[PDB]
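Residue numbers (PDB author numbering): 12 to 128.
All C-beta atoms in this analysis are idealised placements derived from N, C-alpha and C, irrespective of residue type, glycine included.
Notes follow once the structure below has been shown.
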RNA sequence: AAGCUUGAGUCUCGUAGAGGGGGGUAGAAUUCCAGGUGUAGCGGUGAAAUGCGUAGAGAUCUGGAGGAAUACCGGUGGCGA
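Here it is as structure tokens:
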């Protein structure tokens, strides 16, 4: 139950939800928060108004692990992809590294051609 | 019929091309397969709701299977009947 004080964090932001995880370098998820957790419907869940109020709800999910130094990984296009990071910095945590890992389309299967209006 | 070539043709040394055929040859995610870490959320629309989820989802990792097409350069561009 001593604090670990060092680790990693993973950010996901899609066009329909922001999902943030505080992780371990072994690939474990230690605590999580979702922007649909604020009760908001549809693409609201991808805005800073939703993503900025998931960060300290994610810091609450590791309250017995104890955090201080974090290395961040970020994926997805959603607007909330950085306000959730600044809100976590403003919670009293210190970012050791920031890296973007958003995929570049490879094969991609089938796209909308043929796109909804 | 006899006579020609400066109509037509083939070629010495050489030129580009997503053309065809046969071979290959390489990578990614939705998926599937066996599990961990973990808690109530996920999914989605102009609005919502069936539905996925506590049988432990979504997501995040380990090791692995499956199928298709060939990102970038790529255009002011080539080739092919």
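query: CB residue 46 to CB residue 88, shorter than 8 Å?; result: no
query: Could you check which residue in 75, 109, 51 has the C-alpha nearest to that of residue 41?; result: 75
query: Could you give the distance in angstroms between the alpha-carbon of residue 59 and the alpha-carbon of residue 27?; result: 13 Å
query: DSSP beta-bridge partners for residue 13?; result: Answer is none; residue 13 lacks a bridge partner.
query: Considering only residues of the same chain and omitting the five flanking positions on each side of residue 110, which have a CB-CB separation below 8 Å?; result: 82, 83, 84, 85
query: Using DSSP with H/G/I as helix, E/B as strand and the rest coil, what is residue 31?; result: strand
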